[PDB]
Each structure stands twice: as structure tokens, then as C-alpha cells.
Amino acid sequence: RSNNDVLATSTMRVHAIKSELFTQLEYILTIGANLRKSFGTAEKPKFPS
Amino acid sequence: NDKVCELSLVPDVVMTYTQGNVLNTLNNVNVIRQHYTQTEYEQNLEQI
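The rules we used
Residues numbered from 1 in each chain as written, not as in the entry; some residues may be left out. Chains lettered and ligands numbered in written order. Part of a larger assembly, values for the part shown. Heavy atoms only, no water. Helix = DSSP H or I, 4+ residues; strand = E, 2+ residues; numbered from the N terminus. Buried < 20%, exposed > 50% of the residue type's maximum accessible area, 1.4 Å probe, protein only. Salt bridge = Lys/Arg side-chain N within 4 Å of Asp/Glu carboxyl O. Patch = residues over 30% accessible without salt bridge, like charges linked within 9 Å, V, L, I, M, F, W, Y side chains within 5 Å. Areas by Shrake-Rupley, 256 points an atom, 1.4 Å probe, with all protein chains shown as cover.

- The deposited coordinates derive from X-ray crystallography, with the record listing a resolution of 4.000 Å.

- The name given to chain B in the PDB entry is Major tail protein, with the source organism recorded as Streptococcus phage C1.
- According to the PDB record, the title of this entry is "Structure of the bacteriophage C1 tail knob protein, gp12".

- As recorded by the PDB entry, chain A carries the name Major tail protein and is attributed to Streptococcus phage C1.

Thoughts on the overall build of chain B
- Broken down by element type, chain B carries two helices and zero strands.
- Relative to its full complement of 48 residues, chain B shows a buried share of 0%.

Brief notes about the pattern of salt bridges
- Inspection of the entire model under this criterion finds one salt bridge over all chains.
- A salt bridge links B:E46 to A:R13; the nearest nitrogen and oxygen atoms lie 3.9 Å apart.
- On the basis of relative accessibility, which here comes to 46%, the residue B:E46 falls in the partly exposed class.

Remarks on a nonpolar patch on the surface
- Residues B:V22, B:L23, B:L26, B:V29 and B:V31 make up a contiguous nonpolar surface patch of roughly 420 Å² in combined accessible area.
- Along the chain, B:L23 turns up in the loop between helix 1 (13-16) and helix 2 (38-43).

Concerning unusual backbone geometry
Residues and elements named next belong to chain B.
- Look at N28: it is not a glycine, yet its phi comes out positive at around 60°.
- Looking at where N28 falls in the secondary structure, it is placed in the loop between helix 1 and helix 2.
- On the accessibility criterion, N28 (81% relative accessible area) is exposed.

Structure below.
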């Protein structure tokens, strides 16, 4: 399978295609604030680390 | 001499024996180059 003992050949073509398609997606929302505790209001803001 | 000339000859085996639909009957011969039927043409086409 590795040696160069093989017949003159020239006619390669894309014979077949298989593909693992990414059909559905997921998302990372990556932010620098703890989304799950108090934010506050406009006049009184809190910034949860 | 001034009327009896001598001819040397060699057989045209290609004309003598090969005539007609003979060579097509031959099987299991390694061919090198030929001319193609339309069918066989379409087959060895990507090659050519």
C-alpha cells in the first residue's frame, strides 16, 4: 500500500461525500457580572461582580 | 538478364489472416492502443 509499485493512474475524481452537519446550535453568553443577583434601578445601581 | 527479373517477397500476414471480424473474438489479450466504440469511449473517457 506504500511502495511505488503501482500502475500509471491519472483519473481521480470526487467520488463520494459524507458530512457531519451542524444542524442545531447552542450559545454561551459570557459576561463579567453575576446575572442572578440584584441589579437595582437607574438612580440606585448595583454591579454584582 | 534482358527479360527474366527475380522477385524477393515477404508475407503480408496482416492482410492474409486478419480479415473480417476475427480479432474481435480474441479474449484476454493485453491491448495497448485502440480505437473505441461509443460505449467504451464514454468509459475510458475520464482517462483520456
